[PDB]
Amino acid sequence: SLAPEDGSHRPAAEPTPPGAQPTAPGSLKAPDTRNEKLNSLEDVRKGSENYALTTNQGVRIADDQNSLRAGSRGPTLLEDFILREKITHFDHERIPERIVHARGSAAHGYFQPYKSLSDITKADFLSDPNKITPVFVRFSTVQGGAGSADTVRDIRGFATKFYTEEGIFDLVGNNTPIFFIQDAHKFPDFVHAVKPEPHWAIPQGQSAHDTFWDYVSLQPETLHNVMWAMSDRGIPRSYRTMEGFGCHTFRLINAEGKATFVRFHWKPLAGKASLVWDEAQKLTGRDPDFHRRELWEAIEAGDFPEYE
Amino acid sequence: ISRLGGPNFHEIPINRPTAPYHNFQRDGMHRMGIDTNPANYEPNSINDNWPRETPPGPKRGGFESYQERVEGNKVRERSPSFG
Amino acid sequence: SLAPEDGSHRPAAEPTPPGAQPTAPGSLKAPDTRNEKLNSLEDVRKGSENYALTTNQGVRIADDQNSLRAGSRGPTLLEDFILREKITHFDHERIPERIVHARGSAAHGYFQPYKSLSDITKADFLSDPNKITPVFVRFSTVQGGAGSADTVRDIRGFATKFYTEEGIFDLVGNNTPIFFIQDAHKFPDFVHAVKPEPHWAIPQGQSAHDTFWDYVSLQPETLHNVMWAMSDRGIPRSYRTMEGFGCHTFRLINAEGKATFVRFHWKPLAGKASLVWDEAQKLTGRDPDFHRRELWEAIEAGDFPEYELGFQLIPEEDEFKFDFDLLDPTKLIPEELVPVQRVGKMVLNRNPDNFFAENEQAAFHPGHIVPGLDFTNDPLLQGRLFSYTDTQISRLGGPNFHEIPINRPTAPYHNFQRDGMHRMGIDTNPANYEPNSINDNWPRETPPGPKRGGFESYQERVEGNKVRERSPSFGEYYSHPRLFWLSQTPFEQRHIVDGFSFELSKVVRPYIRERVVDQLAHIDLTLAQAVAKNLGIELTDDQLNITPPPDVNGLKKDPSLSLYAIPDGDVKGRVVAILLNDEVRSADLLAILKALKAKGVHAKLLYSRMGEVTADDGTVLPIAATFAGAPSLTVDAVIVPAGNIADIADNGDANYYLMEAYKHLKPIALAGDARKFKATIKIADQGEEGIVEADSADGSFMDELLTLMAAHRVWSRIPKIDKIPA
Amino acid sequence: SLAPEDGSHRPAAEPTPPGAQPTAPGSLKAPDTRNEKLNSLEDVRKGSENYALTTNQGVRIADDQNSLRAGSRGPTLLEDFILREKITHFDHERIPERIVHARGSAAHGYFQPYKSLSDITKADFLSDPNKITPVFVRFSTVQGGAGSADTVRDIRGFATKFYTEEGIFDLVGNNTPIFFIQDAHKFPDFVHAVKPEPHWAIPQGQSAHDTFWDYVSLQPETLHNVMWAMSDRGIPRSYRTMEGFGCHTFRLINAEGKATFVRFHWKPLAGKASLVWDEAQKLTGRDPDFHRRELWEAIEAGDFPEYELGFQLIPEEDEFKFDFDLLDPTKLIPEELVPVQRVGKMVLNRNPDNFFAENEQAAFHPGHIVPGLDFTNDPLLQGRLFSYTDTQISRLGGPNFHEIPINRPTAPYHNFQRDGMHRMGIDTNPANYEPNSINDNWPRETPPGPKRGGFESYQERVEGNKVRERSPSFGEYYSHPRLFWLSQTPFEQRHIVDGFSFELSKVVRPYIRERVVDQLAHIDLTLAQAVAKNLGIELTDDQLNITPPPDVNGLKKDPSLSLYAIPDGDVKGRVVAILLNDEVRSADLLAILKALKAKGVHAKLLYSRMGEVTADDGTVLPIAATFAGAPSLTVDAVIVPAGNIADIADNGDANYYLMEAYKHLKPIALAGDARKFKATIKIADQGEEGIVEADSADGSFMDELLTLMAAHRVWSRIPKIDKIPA
Ligand code: HDE
Ligand code: HDE
Ligand code: HDE
Ligand SMILES: [S]
Ligand SMILES: [S]
Ligand SMILES: [S]
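Comments concerning the pattern of salt bridges
All names here are of chain B. Per the stated rule, a full pass over the model turns up 130 salt bridges over all chains. Close ionic contact of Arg31 with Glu11 constitutes a salt bridge, the shortest N to O distance being 3.8 Å. One end of the pair, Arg31, is in the segment before β1 (34–35); the other, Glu11, is in the segment before β1, and 20 residues separate them in sequence. Taking the relative accessible area as the measure of exposure, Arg31 reaches 22% and is therefore partly exposed.

In structure tokens form, the structure reads like this:
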């Protein structure tokens, strides 16, 4: 047995402050935190303790340390299906990352209303303060790849999947109340201009390059969200300490068919806080995973992210 | 990998084993199984090395190839016995 | 017209030093550079000037600023095909990144051999010193994603695609001579252990976490490559200043059919040079693209990366003449035992035009060999052969990945394979099988022979049972790590100790740190005690009494394993920060730039703001960057000319610049009143080795600075740095 | 393993009639046939003769007969990269088939207009009678998979890709002038209803099953295109002998900005002709590739498929002037109300080289329009515009499908779109966005204008609330089916009754049959009673009293809706079977072949075995096929020359050949003693219209046969065939 005698390999399944225990998968860290969605995922969760190592076809492996070869210094044989399945799976692990918002960090939770909104909307999840709706929320940057750094200067995404009794509702927001451009047809122009430039694929996670500012200078509609990104809004301290916005006027429709225009907001109950630029930039080098880590550890400690 | 879209084709319902299956493979397009193991490699101490290799034996043992003797040079050659 | 009237939007199409012009696509920056492969890509190159904007179907677009709507405040209509094409292409831009080595930077160049090697190999590209073979080379890290940072601690890949007249040969190497594991079946284990951990996907670009060190502690075969990774080898200054190795014993096969065992080497003609850890880490933050930028800017300036291909050659009858197995890819072959024979020179002289199309989509694979080369039974190589073809079916969308332009051979290719996604080639052969009569059996097999022959494997004898078994000859794990350690200088040894210590400090489970310290005690007690001390760990009496492993074939060191034991410095293409003031002494600046120019050393003029300042004698000096904008991390030395020093003497950023450079062991030169900055870095009045100082910036001032730069860093400074708060 | 010494493996590169030479790739059969598009594919055409067999990486292969193994009876080695590349490419050859129209056959050719149409459209390809536009045309069935049969009962697709100078225009039509449904939201419902049922995946290539008739019975809007499908239109003789239609009202826009509504027509210059059901169904088993093969052979013979493009034009102010909605795709515009104006001619004159690369991977889409054309709000066309771009992302692997060679425009294309899987084009533009200054904003938008302008949509007024609602004007379902029915000849009406009767007999749930017959009673009581009688169903008194729907704008019929009511026969490219005996009268054969040659009608010489037979004068006659090997289904008429008739008089296959041809209404000609076969088909001594007979084959005999063939089939014989046991 490779685990230490004293059991110190396994974090306690209780809330603990950052650094006190190794971090863990959420169902092992907090097994009794439940909601309708987390419980519905039990059909696909797989454990591990006390099970035999197998192929994906259920065949038990005796020696997971060696390829099959003709002699112990011989060539590897094509009939080694155990090797080929394992290396095939490894060879195909990656899927395309998101075109934008590829870097992001996510957690499960729940939402509940303070009162029935039936006078202004027939949305079931807003119909009664007793309606508990599971959520899964992903926070993200915009420009950088999935392996880019967290504390860059950028807009941040704040996307919430509500698993309602009448369907999924996704509220796919950002941390400022507007966007850079007016019409969707120019999205690829704007995003190409902020992304790494196409000859040499530099710079990662930064608007601080000629093509972004060339587009901004030629498209003054961008200047409002550019002001937000150049403020300390663009470098939040934590996903827990920034605002969210649904970006657009949507409609609420009530039972009588009346439409009301609505813009959505998330207000952080931990308050608003941002880094300063020198600290943010240095932090991309000292801990590029700082926001992903701080979110995971906050939830492990019981400092649950809360938004109104 | 092209016909069924990736290396998780064993998770397509009709192809799933009824026997248990557990290992350190992860990810791939269409991944259904949500692995909770703290480890995705072996040998590991952080999950006491589970899931574990199993020696061969008469029943419920691990797979071991029959130790056939191989002897010859590396050749692209049809055996004369096939001619 | 949106371009400025003075044409200052367009980079000069000639060599220019870093920062002088915006960077550009290679065929625009250097239109006159060519090779056979660059010429063959011309059929797919697309221009832009003077063309109308169109759909992908060739329809001109009138308004590329708006969607089609019912009224100018109305809903967008489904019939807007121009919108949907444009967004559909955007929506599908990304392809899967490489499972490992996802972060990398590439350039085009050429290779030529110094003489024909026909007596030892029939490989066409090595048969004639006049035969020039185009190459495409990608350097990479291993662990992080395509969007991760360049100056991480990691191994580096060095992959060369040789477009030979007898097929593509890919030499898929790394910057250390060995790997962490012995058998390919464990590759997913090792890679999963080093990669971000699967619950939370942290950390990016770092081995400093529990699962990596758990694996290492449980698999002592890894300790050799871990020693390399923990040394300054793990943090190269540039891809131009690292070594490359082919990792395994391969074979050369000559026309007579004689096999010789071979390991491949790349010798950087710019010399060997690495960062130090605090600098490399901070630089991941200040410029996570620093190696990609430094490579592209070197080629645009004419500081072309150059490497010498070399071979370690072992006759077949010497297979068992060493203390280690030649097939064990965790063992190196010491150059003291088998010297590297020089083979030829590679020069990288052209950047790509489009990073995604030529870099991201390039596929290298070590199975891509040509007649005159062959494999061996190294059991890590053997499994590599499966992976590099397989993985492209998802990454590049199917089995026609060789039709993607950068991957196309320049040699002829004809066969009976057909169809697959993305099929470009339209085959006119009436047959799609052989043997056939209906096309007189073409294209036809070709017998092996001395040139232009078909591939036949060397007829190696195989004897043994079908086993999943490690050769007992691979079961020695500590001697090569000890040879490496003993070959390092004392300051390289200190930096190894500091790399294990920092990394293990980030392992949350203390027993894993204890298990790794136990392994170190099997290699060298001094190394193990020094790490244990930094971890608050005390060695047991049993640990103190572990017998050191044996020397390797009588060697107790091999200086070719050290980055620095044997000087091989070259200053061409290095860069100096020049800190300006609002009244610079022009004579100082003229002498500094004159001497830097003469050795091909670049400069960046820095100040507290952008714009220009004016020298004492009226000369206008253009500012490249602010102190904060281009930190000392990004340069090789710092020079402060005399002048109005009062202007910058109480500037936090300017003082900090010199403290950071001082801490990172870089040469610093101060002229005249710039000597006032001696107080910020605590230099005595009599001065100290590594700080150049004088009343003015010449006679011997620049020669002294350039001598310090040729030795890369001021290692004698190490004891003085722990006191400086920087 | 080679080619025969006489060279008989290789087809002559000249026009030859069907069966005379093996078929071949187009560039090898007709190397001098060119057009701009064909030439532009030369970058990717790959030959084979005199080239060495290689891996895809350009390495020559020595032994393409064996895997690498350890000993010649040993295990295959993982280092065999030649084997693995070859089997990997084979393992990924297949791509997804088209969701609908998976079965299709295509060819290259060209189009030109008869006169400039600049008064009505500014489209460049319609502007000059001497400006030639290359085309690529794919004809298809709808329901069956890529490996289903050609001569099923189904709708046929007719898709033309025009490679114009102002972009690709795809006219994506079918062989009936309407569709089954009104709104694209129901497309997956209809398609799923006609496709193989989801539990067992039966039936292939057939609407004759419960779910299709369930849907039809519950969606009376489908009845018009059901009438066309149940008619002989559902079983064309050849893709050369069916009409084409664009299905929707589109717009033409001229340089002054005037919109004219237009529906598109293709008129087959070889005339309209279809099979009869028993023949069509049996031919799906004897040659499931009959239409693919007949198209490819017609082009190899020089019988190039020719079609005349035609437009029905309706001024904007006449939009509401008919008793149906112009935007309703279940309604046709009768040619008695709006004539087809001739526009130009399309000739298909070269086959592809590689089916997969050029046919399977071609992508056609009706949203691919050019300036001078535009859409309307037809709610089926509106949804199509979404589907044809979307579907290619899986079928062709990503958004670079326009780079697959057959799909490339010959017009220039330049824009800011980048990346995506298997990106071929290497963009050098420093900018990948607009507006940009760094490339002076190129490529640039182009204002609309009379020629070479940007695309701008016609500014149609939109007034309405956002609704999911069918226009009340679309809620009439029976008048157009009745108009079609009343316009058919009496034999065509019988074949309609027989198609519904045969199909509904295969519906297992009887209430569905009853509900369809109730729909038919709303169209025409004679049709409904005739179908009901075949199904053993009795109409109720209420059914008998249903008032027929109104005439369509006063028409009682329109003969252009019939295949046959107005003669339009052309025998060129048709084929006769000639039944040989072992001593043919050479004077008869001479006369037959000379008269057939003069009219461009081909012959196949058949016998009871293969090899040769010798005529009375010593002429050696090679045999194309046996009586069973090429049944009468595959030919348009049958001739039996005189000679040693006793040789074949009692051959069951020869007799049955005549019985099948007779039952299927084909002309039969018997010379001399072949008149003894009149007894197998019960012809009186006096003779019968449709049976040509004389003492010898001469001028008169051949003229009579050819006149019969110009009328396609012998409809008068229908009452005589009920009793033949064949
Ligand atoms: C026309 C204007 C336009 C267009 C076309 C897009 N975006 Fe997004 N954006 C897309 C396109 C893509 C390509 O579909 C993509 C990329 C991968 C994907 O599946 O969806 C995506 C991701 C995305 C996320 C991450 C959700 C997650 O954690 O996965 C978030 C939080 C936002 N966005 C927020 C957002 C806001 C708040 C107002 C506004 C406005 C916009 N964006 C503008 C916008
Ligand atoms: C069994 C042990 C094993 C296995 C299975 C693999 N690796 Fe790789 N490695 C693969 C598998 C993959 C996953 O196929 C992959 C992922 C994407 C790809 O196309 O191939 C890949 C990339 C790769 C590059 C980047 C080439 C480029 O710039 O595009 C470089 C330089 C190296 N490797 C070098 C290398 C050495 C030097 C000797 C040694 C040893 C090894 N590796 C070990 C090894
Ligand atoms: C809303 C109603 C609707 C919808 C959604 C669709 N269809 Fe199509 N149809 C598609 C969808 C797909 C899925 O995009 C698909 C399948 C694969 C592909 O690349 O495109 C396709 C193929 C197609 C061809 C084959 C072109 C070729 O040879 O490759 C032809 C001739 C037609 N269609 C003709 C057509 C007409 C004549 C007026 C009418 C009406 C309709 N169809 C109806 C229609
Ligand atoms: S937004
Ligand atoms: S290696
Ligand atoms: S249609």
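What about the site of ligand 3?
Residues and elements named next belong to chain D. Within the structure, ligand 3 sits among 21 residues, and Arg98, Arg138, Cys247, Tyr388 and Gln392 are positioned closest to it. One of the side-chain nitrogen or oxygen atoms of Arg98 is found 2.7 Å away from an oxygen atom of ligand 3. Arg138 places a side-chain nitrogen or oxygen 2.8 Å from an oxygen atom of ligand 3. Elements that contribute at least two residues to the shell around ligand 3 include exactly β5 (157–164), β6 (167–174), α10 (379–390) and α11 (392–395). With four residues, α10 is the single largest residue contributor to the shell around ligand 3. For the shell around ligand 3, a count of residues per class yields nine nonpolar, eight polar and four charged.

Let's talk about helix α19 (residues 701–710) of chain C
Along an α-helix, residues three or four apart share an orientation, since each turn contains 3.6 residues. Residues and elements named next belong to chain C. Taken residue by residue, α19 has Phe701, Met702, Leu705, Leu706 and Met709 as its buried positions. Projected down its long axis, α19 carries its buried residues within an arc of 125°, all on one side. In α19, the exposed residues that point more than 90 degrees away from the buried face are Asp703 and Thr707. For α19, the elements touching its buried residues are β14 (575–579), α17 (586–598), β19 (637–640), β20 (668–671) and β21 (691–694). Positioned one or two residues after α19, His712 has a phi angle of 70°, which is positive.

Focus on the interface of chain A and chain D
Contact with chain A, which involves 17 residues of that partner, is made by 18 residues of chain D. In this assembly, chain A packs against chain D so that about 1,500 Å² is buried in total across both faces, 63% of it on carbon and sulfur atoms. Contact with chain D buries surface across chain A, with A:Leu78, A:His192 and A:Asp214 losing the most and accounting together for 34% of the total. At the boundary of chain A with chain D, the tally comes to one salt bridge. The partner of A:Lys186 in a salt bridge is D:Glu434, and the shortest N-O contact between them spans 3.0 Å. Counting residues per element, the side of chain A that touches chain D draws most heavily on helix α5 (residues 210–218) of chain A, at four residues. Residues belonging to the side of chain A that touches chain D are distributed by class as follows: eight nonpolar, four polar and five charged.

Let's talk about the relation of the copies chain C and chain D
With an RMSD of 0.3 Å, the operation that places chain C on chain D is a rotation of 180° combined with a shift of 0.1 Å along the axis. These values place the two chain copies in the arrangement generated by a two-fold rotation axis. Rotation axis and chain C: the residue whose C-alpha lies nearest the axis is C:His422, separated from it by 3.2 Å. A shared binding surface is used by both copies, with 100% of the interface residues of chain C retained as interface residues in chain D.

Quick look at the interface of chain C and chain D
Contacts between chain C and chain D engage 125 residues on the former and 126 residues on the latter. Across the chain C/chain D interface, buried area totals approximately 11,200 Å², and carbon plus sulfur atoms make up 57% of it. Counting the surface chain C buries against chain D, the share from its top three residues, C:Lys46, C:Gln57 and C:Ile426, is 8%. The tally of links from chain C across to chain D stands at two salt bridges.

Section: the sheet that holds strand β19 (residues 637–640) of chain D
Residues and elements named next belong to chain D. With parallel pairing, six strands are arranged side by side in an open sheet as β18-β15-β14-β19-β20-β21. With one partner strand each, in any of the chains shown, β18 (625–626) and β21 (691–694) form the two edges of the open sheet. Contacts between helix α19 (residues 699–710) and the sheet are confined to β14 (575–579), β19, β20 (668–671) and β21, with β21 contributing the most and set at about 175° to the helix.

Thresholds, definitions, all that
- Residues numbered from 1 in each chain as written, not as in the entry; some residues may be left out.
- Chains lettered and ligands numbered in written order.
- Part of a larger assembly, values for the part shown.
- Heavy atoms only, no water.
- Salt bridge = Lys/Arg side-chain N within 4 Å of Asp/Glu carboxyl O.
- Helix = DSSP H or I, 4+ residues; strand = E, 2+ residues; numbered from the N terminus.
- Buried < 20%, exposed > 50% of the residue type's maximum accessible area, 1.4 Å probe, protein only.
- Near = heavy atom within 4 Å.
- Polar contact = N/O pair within 3.5 Å; in protein donor to acceptor, adjacent residues only side chain to side chain.
- Nonpolar A, V, L, I, M, F, W, Y, C, P; charged D, E, K, R; others polar.
- Arc of directions from axis to C-beta.
- Contact = heavy atoms within 4.5 Å.
- Buried area = accessible area lost by both parts, 1.4 Å probe.
- Least-squares fit on C-alpha atoms.
- Pairing = 2+ DSSP bridges.
- Axes fitted to C-alpha atoms, helices over the stretch in contact; angles between N-to-C directions.

No statement about biological role is implied by the geometric values presented.
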